[PDB]
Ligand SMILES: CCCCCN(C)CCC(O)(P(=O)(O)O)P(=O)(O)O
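One chain is shown next in structure tokens, namely the form solved without ligand BFQ.
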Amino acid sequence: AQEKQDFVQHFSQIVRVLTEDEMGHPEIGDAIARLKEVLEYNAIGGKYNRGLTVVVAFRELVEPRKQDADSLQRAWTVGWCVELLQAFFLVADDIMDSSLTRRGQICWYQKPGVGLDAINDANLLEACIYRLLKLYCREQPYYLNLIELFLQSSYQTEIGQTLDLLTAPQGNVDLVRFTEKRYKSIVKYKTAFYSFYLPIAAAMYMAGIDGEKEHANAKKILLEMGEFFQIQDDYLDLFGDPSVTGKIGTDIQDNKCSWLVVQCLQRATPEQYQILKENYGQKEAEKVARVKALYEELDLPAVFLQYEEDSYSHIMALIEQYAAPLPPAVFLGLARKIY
């Protein structure tokens, strides 16, 4: 909320530190300038919810007598690592989907004189994560824990992306691969691990809570939250209010494996399957319009409303069962935001 503004003032330092360390290394200066420009363009401009979840979870987890200036600096920094992870995926995903814009502005790769060099820029964003961890956390006992958490998060995200790409190739309608089992799997690997587990898990490690069982417990809660966030993201893509949401969805144009299309397909009498087969994923409006209306005719907006109520109950039951011995608030803060 106000904690945000603080997180963002810290970026300047993040950047300073990552774009200087050549003082006996002159000649690489120009690549360092380019790294400065990649960071400023790609890490800034989002809502920062993931990085901040790190900072908030850290405050709530650490028995207050161990929060000095330096401990807090390590939390802002690790929060910024989560944001750099995000940045890395987005720069790359935008190239792969040929997107035009991101966070309201021109995608980095679409900028004149960047193009496919953005592939190296994305790799730099990733590498910046480990450079930060070494700079700030090298002497901490949880250092290796965090390196492995970031590496694993990346791999989960990447393999989820591979699954998404095998499942939903833009320009090729095949709804035989749009199943519930496959929708759930994409979300867990591609979105939920890094969006929800990673930031809390990182806070836990910084707090000394490294147990397998405790982490599995938190993960159970957080992956289920992640599933909901994304299902809500998909519903709102089409049925959101663009003023409240902040852009019009193209999930259906893009032949996305949307929670909607999945639900739609669970409920289609053979004709409707065809109505969807001849309309899902097309440039033109009348085709998208007709899909939205098919959705409305199956009362998907109400299936969603029912799903969200149930899902909310279920999350609370999960917090009740699996939060201890972590303060339930760690999870409830995130529930409040996503619901």
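Residue positions are given as counts along the sequence shown, with the first one as 1. The term rigid core refers to the maximal set of C-alpha atoms that superpose within 1.5 Å between the two forms.
There is another form of this protein, the form deposited with ligand BFQ bound, and it is not shown here; the text below is about that form.
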Since the partner isn't included here, can you check whether ligand BFQ sits close to all of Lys181, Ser185 and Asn279 in the entry with it bound (heavy atom within 4.5 Å for each)?
no
Answer key: of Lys111, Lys220, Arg131, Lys247, within 4.5 Å of ligand BFQ in the entry with it bound (heavy atoms) is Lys247
Of these, 189-197, 140-148, 172-180, 264-272, which stretch puts a heavy atom within 4.5 angstroms of ligand BFQ in the entry with it bound?
189-197
Flag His215 as yes or no: does it have a non-hydrogen atom within 4.5 angstroms of any non-hydrogen atom of ligand BFQ in the entry with it bound?
no
Partner proximity in the entry with it bound: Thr77 to ligand BFQ, non-hydrogen atom cutoff 4.5 Å
no
Can you tell me whether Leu72 touches ligand BFQ? I mean in the entry with it bound, with a 4.5 angstroms heavy atom cut-off.
no
So, in the entry with it bound, is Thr167 in contact with ligand BFQ at a 4.5 angstroms heavy atom limit?
no
In sequence order, the residues of 102-132 that place a heavy atom within 4.5 Å of ligand BFQ in the entry with it bound are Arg102
Report the residue, chosen from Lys66, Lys287, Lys36, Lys47, for which the CA moves 2 Å or more between this form and the one not shown after the rigid core is overlaid.
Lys287
Using the rigid core as the reference frame, would you say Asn255 shifts its C-alpha by 2 Å or more between this form and the one not shown?
yes
Core-aligned C-alpha movement of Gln170 between this form and the one not shown, 2 Å or more
yes
Rigid-core frame, C-alpha of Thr245, shift of 2 angstroms or more between this form and the one not shown
yes
